[PDB]
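Below: my_file_1.txt (compact mmCIF, C-alpha atoms and all ligand atoms)
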```
# COMPACT_ATOMS: atom_id res chain seq x y z
CA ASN H 7 77.96 44.71 104.51
CA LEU H 8 78.14 48.08 102.71
CA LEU H 9 76.63 51.02 104.59
CA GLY H 10 76.53 54.72 103.80
CA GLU H 11 74.66 56.95 101.37
CA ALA H 12 76.93 59.98 101.10
CA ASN H 13 77.35 61.21 97.53
CA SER H 14 81.10 60.62 97.51
CA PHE H 15 80.60 57.08 98.74
CA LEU H 16 77.87 56.45 96.15
CA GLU H 17 79.97 57.81 93.31
CA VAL H 18 82.55 55.21 94.27
CA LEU H 19 80.18 52.26 94.08
CA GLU H 20 79.15 53.59 90.69
CA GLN H 21 82.78 53.82 89.64
CA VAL H 22 83.28 50.30 90.93
CA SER H 23 80.33 48.86 89.01
CA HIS H 24 81.86 50.08 85.74
CA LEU H 25 85.49 49.13 86.51
CA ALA H 26 84.80 45.60 87.75
CA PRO H 27 84.07 44.02 84.30
CA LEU H 28 87.49 44.99 82.92
CA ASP H 29 90.81 43.19 83.31
CA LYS H 30 92.87 46.31 83.85
CA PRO H 31 94.64 46.68 87.23
CA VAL H 32 92.80 48.83 89.77
CA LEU H 33 94.27 51.07 92.43
CA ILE H 34 92.38 52.07 95.58
CA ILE H 35 93.48 55.08 97.63
CA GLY H 36 92.26 55.54 101.19
CA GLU H 37 92.95 55.67 104.91
CA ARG H 38 92.80 52.57 107.08
CA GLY H 39 89.38 51.27 108.05
CA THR H 40 87.83 52.86 104.96
CA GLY H 41 86.80 49.60 103.30
CA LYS H 42 89.58 49.05 100.75
CA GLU H 43 89.46 45.25 100.97
CA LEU H 44 85.68 45.38 100.77
CA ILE H 45 85.81 47.52 97.66
CA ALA H 46 88.57 45.33 96.23
CA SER H 47 86.34 42.35 96.87
CA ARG H 48 83.29 44.04 95.42
CA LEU H 49 85.35 44.49 92.25
CA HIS H 50 86.03 40.77 92.15
CA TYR H 51 82.47 39.51 92.57
CA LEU H 52 80.99 42.04 90.18
CA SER H 53 83.57 41.06 87.58
CA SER H 54 83.48 38.07 85.25
CA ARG H 55 86.11 36.46 87.45
CA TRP H 56 83.54 36.38 90.25
CA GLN H 57 83.90 32.59 90.23
CA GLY H 58 87.69 32.57 90.27
CA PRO H 59 89.67 33.02 93.51
CA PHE H 60 89.94 36.26 95.45
CA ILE H 61 93.35 36.50 97.11
CA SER H 62 94.80 39.01 99.55
CA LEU H 63 98.20 40.02 100.83
CA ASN H 64 99.47 42.79 103.06
CA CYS H 65 102.88 43.76 101.73
CA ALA H 66 103.82 45.79 104.80
CA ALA H 67 103.63 42.61 106.89
CA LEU H 68 106.50 40.55 105.40
CA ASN H 69 110.18 41.38 105.10
CA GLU H 70 111.58 41.93 101.61
CA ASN H 71 112.89 38.40 101.06
CA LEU H 72 109.75 36.93 102.55
CA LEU H 73 107.34 39.07 100.51
CA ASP H 74 109.20 38.33 97.28
CA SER H 75 108.69 34.59 97.53
CA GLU H 76 105.31 35.06 99.15
CA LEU H 77 104.29 36.85 95.94
CA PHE H 78 105.97 34.91 93.15
CA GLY H 79 106.59 31.76 95.16
CA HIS H 80 109.72 29.62 95.17
CA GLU H 81 111.18 26.11 94.81
CA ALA H 82 110.46 24.17 98.03
CA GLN H 89 105.84 19.11 98.54
CA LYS H 90 107.97 19.96 95.55
CA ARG H 91 107.26 23.71 95.21
CA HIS H 92 105.88 26.63 97.26
CA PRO H 93 103.34 28.66 95.17
CA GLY H 94 102.94 32.44 95.31
CA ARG H 95 99.78 34.50 95.67
CA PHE H 96 99.88 35.16 91.94
CA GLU H 97 99.45 31.47 91.10
CA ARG H 98 96.95 31.02 93.90
CA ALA H 99 94.95 33.83 92.30
CA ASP H 100 95.25 32.46 88.75
CA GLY H 101 91.97 32.99 86.92
CA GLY H 102 90.95 35.30 89.76
CA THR H 103 91.90 38.55 91.45
CA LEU H 104 94.87 39.51 93.61
CA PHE H 105 94.45 42.19 96.25
CA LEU H 106 97.72 43.81 97.32
CA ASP H 107 97.27 45.95 100.40
CA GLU H 108 99.81 48.47 101.74
CA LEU H 109 101.62 48.53 98.40
CA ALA H 110 103.51 51.73 99.13
CA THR H 111 105.65 49.56 101.41
CA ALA H 112 106.78 47.08 98.78
CA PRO H 113 110.55 47.21 98.05
CA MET H 114 111.84 48.48 94.71
CA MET H 115 113.05 44.99 93.82
CA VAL H 116 109.53 43.60 94.16
CA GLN H 117 107.90 46.63 92.55
CA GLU H 118 110.10 46.17 89.49
CA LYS H 119 109.55 42.42 89.54
CA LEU H 120 105.84 43.06 89.98
CA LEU H 121 105.71 45.26 86.88
CA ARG H 122 107.18 42.62 84.58
CA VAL H 123 104.48 40.17 85.60
CA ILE H 124 101.72 42.70 84.95
CA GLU H 125 102.99 43.46 81.48
CA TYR H 126 104.47 40.09 80.49
CA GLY H 127 101.68 38.27 82.30
CA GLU H 128 104.25 35.68 83.41
CA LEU H 129 106.28 34.77 86.49
CA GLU H 130 110.01 34.23 86.06
CA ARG H 131 111.44 30.97 87.42
CA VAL H 132 114.66 29.02 88.02
CA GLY H 133 115.50 25.34 88.53
CA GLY H 134 115.51 24.25 84.89
CA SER H 135 111.79 25.06 84.84
CA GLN H 136 110.01 27.19 82.23
CA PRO H 137 108.45 30.57 83.22
CA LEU H 138 104.96 30.47 84.73
CA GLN H 139 101.95 31.90 82.88
CA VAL H 140 99.41 33.56 85.14
CA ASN H 141 96.08 35.22 84.52
CA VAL H 142 95.31 37.60 87.34
CA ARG H 143 93.30 40.77 87.70
CA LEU H 144 95.31 43.04 89.95
CA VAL H 145 94.01 45.36 92.64
CA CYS H 146 96.16 47.34 95.02
CA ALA H 147 95.58 49.72 97.87
CA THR H 148 97.53 52.32 99.77
CA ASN H 149 97.02 55.45 101.75
CA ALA H 150 100.26 56.96 100.46
CA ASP H 151 100.91 59.61 97.80
CA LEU H 152 102.50 57.41 95.14
CA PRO H 153 103.34 60.28 92.82
CA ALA H 154 105.12 61.85 95.77
CA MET H 155 107.03 58.61 96.32
CA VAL H 156 107.96 58.46 92.67
CA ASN H 157 109.61 61.84 93.16
CA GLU H 158 111.63 60.61 96.12
CA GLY H 159 112.59 57.60 94.05
CA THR H 160 110.92 55.29 96.57
CA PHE H 161 108.34 53.94 94.12
CA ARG H 162 109.01 53.08 90.47
CA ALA H 163 107.40 55.57 88.06
CA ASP H 164 107.06 52.97 85.32
CA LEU H 165 104.99 50.71 87.59
CA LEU H 166 102.72 53.56 88.64
CA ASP H 167 102.08 54.47 84.99
CA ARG H 168 101.03 50.86 84.43
CA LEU H 169 99.46 49.79 87.74
CA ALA H 170 97.10 52.76 87.95
CA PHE H 171 94.85 52.01 85.01
CA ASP H 172 92.30 54.00 87.04
CA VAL H 173 92.08 55.23 90.61
CA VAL H 174 89.34 54.62 93.18
CA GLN H 175 89.48 56.99 96.19
CA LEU H 176 87.51 56.08 99.31
CA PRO H 177 86.34 59.13 101.25
CA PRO H 178 87.49 59.02 104.84
CA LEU H 179 84.70 58.84 107.44
CA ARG H 180 85.10 62.47 108.52
CA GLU H 181 84.22 63.54 104.99
CA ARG H 182 80.98 61.57 105.01
CA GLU H 183 79.34 62.99 107.99
CA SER H 184 76.05 62.24 106.60
CA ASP H 185 76.99 58.60 107.32
CA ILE H 186 78.63 58.88 110.78
CA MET H 187 75.34 58.76 112.69
CA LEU H 188 73.95 56.27 110.19
CA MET H 189 76.64 53.67 110.84
CA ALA H 190 76.91 54.44 114.54
CA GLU H 191 73.19 53.74 114.84
CA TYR H 192 73.60 50.46 112.95
CA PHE H 193 76.60 49.43 115.05
CA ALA H 194 74.95 50.43 118.30
CA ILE H 195 72.04 48.20 117.36
CA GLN H 196 74.10 45.09 116.58
CA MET H 197 75.72 45.57 119.95
CA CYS H 198 72.37 45.76 121.72
CA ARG H 199 71.37 42.49 120.10
CA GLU H 200 74.47 40.82 121.44
CA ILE H 201 74.40 42.11 124.99
CA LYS H 202 70.68 41.36 124.78
CA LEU H 203 69.35 44.90 125.34
CA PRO H 204 65.64 45.30 124.48
CA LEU H 205 66.10 48.50 122.51
CA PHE H 206 68.83 50.93 121.53
CA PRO H 207 67.97 54.14 123.50
CA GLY H 208 69.70 56.53 121.10
CA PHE H 209 72.44 59.12 121.48
CA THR H 210 72.09 62.31 123.53
CA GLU H 211 73.19 65.49 121.75
CA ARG H 212 76.51 65.23 123.60
CA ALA H 213 77.29 61.78 122.21
CA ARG H 214 76.45 63.10 118.71
CA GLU H 215 78.61 66.21 119.16
CA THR H 216 81.46 63.90 120.14
CA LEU H 217 80.94 61.38 117.33
CA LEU H 218 80.65 64.05 114.65
CA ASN H 219 83.64 66.04 115.91
CA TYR H 220 86.14 63.21 116.15
CA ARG H 221 88.57 62.87 113.21
CA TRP H 222 88.14 59.08 113.12
CA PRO H 223 91.73 58.25 112.10
CA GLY H 224 90.79 54.55 112.06
CA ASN H 225 87.52 55.29 110.28
CA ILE H 226 84.80 52.66 110.01
CA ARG H 227 86.76 50.01 111.90
CA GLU H 228 87.33 52.52 114.71
CA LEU H 229 83.80 53.90 114.71
CA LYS H 230 82.56 50.35 115.12
CA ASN H 231 84.82 49.53 118.03
CA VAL H 232 84.18 52.85 119.75
CA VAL H 233 80.42 52.33 119.57
CA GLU H 234 80.20 48.68 120.73
CA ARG H 235 82.53 49.62 123.59
CA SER H 236 80.33 52.63 124.44
CA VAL H 237 77.07 50.70 124.32
CA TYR H 238 78.65 48.08 126.54
CA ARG H 239 79.73 50.59 129.20
CA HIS H 240 76.19 52.03 129.09
CA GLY H 241 74.48 48.66 129.44
CA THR H 242 70.88 49.94 129.63
CA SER H 243 67.86 50.80 127.54
CA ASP H 244 66.42 53.11 130.21
CA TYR H 245 68.01 56.25 128.81
CA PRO H 246 69.98 57.56 125.81
CA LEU H 247 73.67 56.86 125.45
CA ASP H 248 75.63 59.94 126.46
CA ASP H 249 79.20 58.80 127.11
CA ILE H 250 81.19 57.97 123.97
CA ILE H 251 84.39 56.09 124.86
CA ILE H 252 86.79 57.24 122.15
CA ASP H 253 89.88 56.18 124.13
CA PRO H 254 89.63 52.94 126.19
CA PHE H 255 92.89 53.88 127.89
CA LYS H 256 91.47 56.89 129.71
CA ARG H 257 90.18 55.45 132.98
CA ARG H 258 86.95 57.44 133.39
CA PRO H 259 85.42 59.22 135.25
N1 LIG B 301 80.53 50.16 104.18
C1 LIG B 301 80.97 49.54 105.29
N2 LIG B 301 80.10 49.06 106.17
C2 LIG B 301 80.47 48.43 107.31
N3 LIG B 301 81.74 48.23 107.66
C3 LIG B 301 82.76 48.66 106.86
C4 LIG B 301 82.40 49.35 105.62
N4 LIG B 301 83.54 49.66 105.06
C5 LIG B 301 84.52 49.24 105.81
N5 LIG B 301 84.08 48.64 106.89
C6 LIG B 301 84.98 48.09 107.92
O1 LIG B 301 86.27 48.61 107.70
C7 LIG B 301 87.27 47.62 107.77
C8 LIG B 301 88.23 47.47 106.61
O2 LIG B 301 88.65 48.54 105.85
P1 LIG B 301 90.05 48.64 105.22
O3 LIG B 301 90.93 49.07 106.22
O4 LIG B 301 90.05 49.58 104.18
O5 LIG B 301 90.27 47.30 104.80
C9 LIG B 301 86.53 46.36 107.93
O6 LIG B 301 86.52 45.97 109.28
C10 LIG B 301 85.15 46.63 107.54
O7 LIG B 301 84.34 45.50 107.84
MG MG B 302 91.88 45.01 105.14
```
Please, can you express the file's structure as structure tokens?
Amino acid sequence: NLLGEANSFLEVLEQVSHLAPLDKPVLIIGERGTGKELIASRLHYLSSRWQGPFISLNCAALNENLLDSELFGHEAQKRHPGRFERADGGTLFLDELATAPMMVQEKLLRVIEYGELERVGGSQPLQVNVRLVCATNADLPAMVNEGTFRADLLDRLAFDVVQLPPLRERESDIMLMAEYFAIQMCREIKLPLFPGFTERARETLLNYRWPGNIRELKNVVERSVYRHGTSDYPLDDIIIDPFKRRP
């Protein structure tokens, strides 16, 4: 579910509505917990491929050799397909791209341009039709300067860039989502009503940097509402760090 009405956030949805119909690769820039996969997804369902598959993959998770074959597959009942084939006629979401190895990056470029996967075993190359979407919170141009990311790929990958505003730059929305989250939590722990946040809880919420953004805000709130466990008076104690053993 998409929440938030801050200008920056709205301008993004607008950008997304126009980009989605195209087949050009899209690049999303943003911190963790900012909704990258959601946005990526939104692109898919608003596109013409909305009926094709929507695939995902977190590059940072696999080791070089594993990611390579996990992306373009390999010869295994008789063959192990890659996310590209599994996304054929659909969209492929590559998260944490900045972590992909040069080998893969280079290999990844060819596919984008040539629209085909290379293959061995006396088998002809594979033709794929995939709309690409990638996310990262890194400074790719910076990485191109350190030679850690291929400049040619960047030129090509980045048909256009979507940049999700971190939570701290949307303040307008911090109380809005906290309220929403608090309320879902009340429904689960069966509280009659959400009693609201004292000024202190607000001060806290609005002053935190929210490094984990929306995912963090959510967890902090549910946790907080739980510790409070009552509808008799406003929530005052915001548990940012579950490791501090309050009082
Ligand atoms: N507009 C939004 N409304 C509610 N939850 C969101 C929103 N955007 C992101 N999230 C949460 O943020 C997390 C993912 O963001 P990301 O790290 O970019 O994939 C997910 O747990 C979401 O469900
Ligand atoms: Mg994600």
**OP:** Report the distance between CA of residue 219 (chain H) and CA of residue 186 (chain H) in Å, rounded to one decimal place.
**Re:**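 Computing the Euclidean distance for CA of residue 219 (chain H) and CA of residue 186 (chain H) yields 10.1 Å.
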Original post:
Neighbours of residue 53 (chain H) within 8 Å (all atoms listed in the file; same-chain residues fewer than 3 positions away dropped), as a ChimeraX atom specification?
Top reply: /H:26-28,49-50,56
Just C-alpha atoms for this one: save the residues we selected as a CSV table (one decimal), in the coordinates of the input.
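The result, stored in out-v4.csv:
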```
chain,number,residue,atom,x,y,z
H,26,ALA,CA,84.8,45.6,87.8
H,27,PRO,CA,84.1,44.0,84.3
H,28,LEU,CA,87.5,45.0,82.9
H,49,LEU,CA,85.4,44.5,92.2
H,50,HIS,CA,86.0,40.8,92.2
H,56,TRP,CA,83.5,36.4,90.2
```
**OP:** Determine the nearest neighbour of residue 32 (chain H) from the options H:11, H:191, H:76, H:107, counting all atoms listed in the file.
**Re:** H:107
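The coordinates place CA of residue 55 (chain H) at 26.2 Å from CA of residue 136 (chain H).
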Original post:
H:242, H:212, H:148, H:159: which is nearest residue 39 (chain H), counting all atoms listed in the file?
Top reply: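 Of all the options, H:148 lies closest to residue 39 (chain H).
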**OP:** Name each residue within 10 Å of ligand LIG 301 (chain B), counting all atoms listed in the file, as a ChimeraX atom specification.
**Re:** /H:7-11,15,34-46,107-108,147-149,176,178-179,185,189,192-193,224-231
Write the residues you've just listed into a file as a compact mmCIF listing (two decimals), keeping the file's coordinate frame, and include C-alpha atoms for each of them.
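Output (again_39.txt):
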```
# COMPACT_ATOMS: atom_id res chain seq x y z
CA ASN H 7 77.96 44.71 104.51
CA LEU H 8 78.14 48.08 102.71
CA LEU H 9 76.63 51.02 104.59
CA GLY H 10 76.53 54.72 103.80
CA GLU H 11 74.66 56.95 101.37
CA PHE H 15 80.60 57.08 98.74
CA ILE H 34 92.38 52.07 95.58
CA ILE H 35 93.48 55.08 97.63
CA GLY H 36 92.26 55.54 101.19
CA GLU H 37 92.95 55.67 104.91
CA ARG H 38 92.80 52.57 107.08
CA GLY H 39 89.38 51.27 108.05
CA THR H 40 87.83 52.86 104.96
CA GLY H 41 86.80 49.60 103.30
CA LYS H 42 89.58 49.05 100.75
CA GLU H 43 89.46 45.25 100.97
CA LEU H 44 85.68 45.38 100.77
CA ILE H 45 85.81 47.52 97.66
CA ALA H 46 88.57 45.33 96.23
CA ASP H 107 97.27 45.95 100.40
CA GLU H 108 99.81 48.47 101.74
CA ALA H 147 95.58 49.72 97.87
CA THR H 148 97.53 52.32 99.77
CA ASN H 149 97.02 55.45 101.75
CA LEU H 176 87.51 56.08 99.31
CA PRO H 178 87.49 59.02 104.84
CA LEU H 179 84.70 58.84 107.44
CA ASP H 185 76.99 58.60 107.32
CA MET H 189 76.64 53.67 110.84
CA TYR H 192 73.60 50.46 112.95
CA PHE H 193 76.60 49.43 115.05
CA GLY H 224 90.79 54.55 112.06
CA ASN H 225 87.52 55.29 110.28
CA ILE H 226 84.80 52.66 110.01
CA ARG H 227 86.76 50.01 111.90
CA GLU H 228 87.33 52.52 114.71
CA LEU H 229 83.80 53.90 114.71
CA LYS H 230 82.56 50.35 115.12
CA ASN H 231 84.82 49.53 118.03
```
If you count all atoms listed in the file, which residues fall within 8 Å of residue 77 (chain H), apart from same-chain ones fewer than 5 positions away, as a short mmCIF file (atom, residue, chain, number, x, y, z; two decimals) with C-alpha atoms, in the frame of the given file?
```
data_model
loop_
_atom_site.label_atom_id
_atom_site.label_comp_id
_atom_site.auth_asym_id
_atom_site.auth_seq_id
_atom_site.Cartn_x
_atom_site.Cartn_y
_atom_site.Cartn_z
CA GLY H 94 102.94 32.44 95.31
CA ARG H 95 99.78 34.50 95.67
CA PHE H 96 99.88 35.16 91.94
#
```
Original post:
Please, what distance in Å, to one decimal, runs between CA of residue 236 (chain H) and CA of residue 256 (chain H)?
Top reply: 13.0 Å
Original post:
Which one of H:162, H:24, H:98, H:30 sits closest to residue 48 (chain H) if you count all atoms listed in the file?
Top reply: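 Using all atoms listed in the file, residue 48 (chain H) sits closest to H:24.
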Could you pull region 142-252 of chain H out of the structure I just pasted and write it to a file containing C-alpha atoms, as a PDB file, in the first residue's frame?
```pdb
ATOM      1  CA  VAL H 142      12.551  -8.212 -20.526  1.00  0.00           C
ATOM      2  CA  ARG H 143      11.917  -4.729 -19.211  1.00  0.00           C
ATOM      3  CA  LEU H 144      14.736  -3.990 -16.809  1.00  0.00           C
ATOM      4  CA  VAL H 145      14.535  -2.129 -13.519  1.00  0.00           C
ATOM      5  CA  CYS H 146      17.383  -1.722 -11.081  1.00  0.00           C
ATOM      6  CA  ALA H 147      17.878  -0.106  -7.724  1.00  0.00           C
ATOM      7  CA  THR H 148      20.756   1.045  -5.586  1.00  0.00           C
ATOM      8  CA  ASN H 149      21.564   3.530  -2.921  1.00  0.00           C
ATOM      9  CA  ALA H 150      25.072   4.062  -4.270  1.00  0.00           C
ATOM     10  CA  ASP H 151      26.562   6.886  -6.354  1.00  0.00           C
ATOM     11  CA  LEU H 152      27.083   5.023  -9.618  1.00  0.00           C
ATOM     12  CA  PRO H 153      28.840   7.892 -11.348  1.00  0.00           C
ATOM     13  CA  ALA H 154      31.215   7.914  -8.399  1.00  0.00           C
ATOM     14  CA  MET H 155      31.767   4.180  -8.843  1.00  0.00           C
ATOM     15  CA  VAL H 156      32.410   4.641 -12.524  1.00  0.00           C
ATOM     16  CA  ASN H 157      35.240   6.969 -11.537  1.00  0.00           C
ATOM     17  CA  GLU H 158      36.775   4.380  -9.223  1.00  0.00           C
ATOM     18  CA  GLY H 159      36.424   1.863 -12.014  1.00  0.00           C
ATOM     19  CA  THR H 160      34.115  -0.260  -9.867  1.00  0.00           C
ATOM     20  CA  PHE H 161      31.107   0.079 -12.173  1.00  0.00           C
ATOM     21  CA  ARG H 162      31.232   0.003 -15.983  1.00  0.00           C
ATOM     22  CA  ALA H 163      30.586   3.430 -17.540  1.00  0.00           C
ATOM     23  CA  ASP H 164      29.157   1.912 -20.711  1.00  0.00           C
ATOM     24  CA  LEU H 165      26.493   0.043 -18.727  1.00  0.00           C
ATOM     25  CA  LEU H 166      25.529   3.148 -16.781  1.00  0.00           C
ATOM     26  CA  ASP H 167      25.115   5.130 -20.008  1.00  0.00           C
ATOM     27  CA  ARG H 168      22.753   2.402 -21.206  1.00  0.00           C
ATOM     28  CA  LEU H 169      21.036   1.157 -18.023  1.00  0.00           C
ATOM     29  CA  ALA H 170      20.004   4.617 -16.843  1.00  0.00           C
ATOM     30  CA  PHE H 171      17.504   5.500 -19.544  1.00  0.00           C
ATOM     31  CA  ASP H 172      15.991   7.675 -16.795  1.00  0.00           C
ATOM     32  CA  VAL H 173      16.419   7.944 -13.041  1.00  0.00           C
ATOM     33  CA  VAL H 174      13.775   7.721 -10.326  1.00  0.00           C
ATOM     34  CA  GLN H 175      14.932   9.031  -6.914  1.00  0.00           C
ATOM     35  CA  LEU H 176      12.915   8.121  -3.830  1.00  0.00           C
ATOM     36  CA  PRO H 177      13.082  10.781  -1.122  1.00  0.00           C
ATOM     37  CA  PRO H 178      14.262   9.361   2.160  1.00  0.00           C
ATOM     38  CA  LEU H 179      11.734   9.529   5.017  1.00  0.00           C
ATOM     39  CA  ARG H 180      13.532  12.366   6.805  1.00  0.00           C
ATOM     40  CA  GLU H 181      12.963  14.549   3.755  1.00  0.00           C
ATOM     41  CA  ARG H 182       9.225  13.926   3.780  1.00  0.00           C
ATOM     42  CA  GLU H 183       8.386  15.029   7.198  1.00  0.00           C
ATOM     43  CA  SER H 184       5.000  15.892   6.143  1.00  0.00           C
ATOM     44  CA  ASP H 185       4.511  12.101   5.911  1.00  0.00           C
ATOM     45  CA  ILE H 186       6.284  10.883   9.083  1.00  0.00           C
ATOM     46  CA  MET H 187       3.291  11.457  11.353  1.00  0.00           C
ATOM     47  CA  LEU H 188       0.946  10.361   8.581  1.00  0.00           C
ATOM     48  CA  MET H 189       2.471   6.894   8.274  1.00  0.00           C
ATOM     49  CA  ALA H 190       3.177   6.542  11.974  1.00  0.00           C
ATOM     50  CA  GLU H 191      -0.512   7.171  12.624  1.00  0.00           C
ATOM     51  CA  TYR H 192      -1.470   4.564  10.018  1.00  0.00           C
ATOM     52  CA  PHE H 193       1.008   2.031  11.409  1.00  0.00           C
ATOM     53  CA  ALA H 194       0.004   2.682  14.998  1.00  0.00           C
ATOM     54  CA  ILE H 195      -3.573   1.965  13.998  1.00  0.00           C
ATOM     55  CA  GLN H 196      -2.890  -1.371  12.273  1.00  0.00           C
ATOM     56  CA  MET H 197      -1.052  -2.375  15.410  1.00  0.00           C
ATOM     57  CA  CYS H 198      -3.997  -1.466  17.619  1.00  0.00           C
ATOM     58  CA  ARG H 199      -6.241  -3.625  15.480  1.00  0.00           C
ATOM     59  CA  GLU H 200      -3.954  -6.579  15.974  1.00  0.00           C
ATOM     60  CA  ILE H 201      -3.366  -6.300  19.697  1.00  0.00           C
ATOM     61  CA  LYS H 202      -7.100  -5.590  19.845  1.00  0.00           C
ATOM     62  CA  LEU H 203      -6.953  -2.084  21.340  1.00  0.00           C
ATOM     63  CA  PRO H 204     -10.264  -0.173  21.111  1.00  0.00           C
ATOM     64  CA  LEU H 205      -8.708   3.038  19.855  1.00  0.00           C
ATOM     65  CA  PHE H 206      -5.314   4.499  19.063  1.00  0.00           C
ATOM     66  CA  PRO H 207      -4.793   7.184  21.795  1.00  0.00           C
ATOM     67  CA  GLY H 208      -2.396   9.329  19.760  1.00  0.00           C
ATOM     68  CA  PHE H 209       1.137  10.577  20.327  1.00  0.00           C
ATOM     69  CA  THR H 210       2.120  13.036  23.050  1.00  0.00           C
ATOM     70  CA  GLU H 211       4.267  15.957  21.879  1.00  0.00           C
ATOM     71  CA  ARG H 212       7.317  14.066  23.155  1.00  0.00           C
ATOM     72  CA  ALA H 213       6.663  11.047  20.944  1.00  0.00           C
ATOM     73  CA  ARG H 214       6.236  13.424  17.974  1.00  0.00           C
ATOM     74  CA  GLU H 215       9.430  15.326  18.795  1.00  0.00           C
ATOM     75  CA  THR H 216      11.225  11.983  18.845  1.00  0.00           C
ATOM     76  CA  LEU H 217       9.669  10.624  15.647  1.00  0.00           C
ATOM     77  CA  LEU H 218      10.293  13.812  13.679  1.00  0.00           C
ATOM     78  CA  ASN H 219      13.871  14.212  14.927  1.00  0.00           C
ATOM     79  CA  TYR H 220      15.110  10.707  14.190  1.00  0.00           C
ATOM     80  CA  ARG H 221      17.098  10.284  10.943  1.00  0.00           C
ATOM     81  CA  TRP H 222      15.257   7.061  10.086  1.00  0.00           C
ATOM     82  CA  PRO H 223      18.207   5.294   8.421  1.00  0.00           C
ATOM     83  CA  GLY H 224      15.932   2.316   7.698  1.00  0.00           C
ATOM     84  CA  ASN H 225      13.114   4.603   6.587  1.00  0.00           C
ATOM     85  CA  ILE H 226       9.582   3.284   6.124  1.00  0.00           C
ATOM     86  CA  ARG H 227      10.475  -0.277   7.097  1.00  0.00           C
ATOM     87  CA  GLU H 228      12.083   1.051  10.286  1.00  0.00           C
ATOM     88  CA  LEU H 229       9.344   3.554  11.077  1.00  0.00           C
ATOM     89  CA  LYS H 230       6.863   0.705  10.858  1.00  0.00           C
ATOM     90  CA  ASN H 231       8.766  -1.586  13.175  1.00  0.00           C
ATOM     91  CA  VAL H 232       9.523   1.186  15.659  1.00  0.00           C
ATOM     92  CA  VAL H 233       5.844   2.109  15.887  1.00  0.00           C
ATOM     93  CA  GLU H 234       4.304  -1.384  16.233  1.00  0.00           C
ATOM     94  CA  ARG H 235       6.936  -2.105  18.881  1.00  0.00           C
ATOM     95  CA  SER H 236       6.091   1.168  20.670  1.00  0.00           C
ATOM     96  CA  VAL H 237       2.336   0.631  20.577  1.00  0.00           C
ATOM     97  CA  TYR H 238       2.895  -2.856  21.927  1.00  0.00           C
ATOM     98  CA  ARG H 239       4.971  -1.672  24.899  1.00  0.00           C
ATOM     99  CA  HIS H 240       2.246   0.922  25.598  1.00  0.00           C
ATOM    100  CA  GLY H 241      -0.604  -1.583  25.431  1.00  0.00           C
ATOM    101  CA  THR H 242      -3.426   0.803  26.390  1.00  0.00           C
ATOM    102  CA  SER H 243      -5.990   3.195  24.977  1.00  0.00           C
ATOM    103  CA  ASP H 244      -6.319   5.093  28.253  1.00  0.00           C
ATOM    104  CA  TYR H 245      -3.719   7.711  27.384  1.00  0.00           C
ATOM    105  CA  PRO H 246      -1.536   8.947  24.496  1.00  0.00           C
ATOM    106  CA  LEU H 247       1.593   7.084  23.490  1.00  0.00           C
ATOM    107  CA  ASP H 248       4.625   8.896  24.873  1.00  0.00           C
ATOM    108  CA  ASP H 249       7.508   6.426  24.762  1.00  0.00           C
ATOM    109  CA  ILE H 250       8.897   5.769  21.275  1.00  0.00           C
ATOM    110  CA  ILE H 251      11.176   2.712  21.273  1.00  0.00           C
ATOM    111  CA  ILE H 252      13.709   3.581  18.587  1.00  0.00           C
TER     112      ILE H 252
END
```
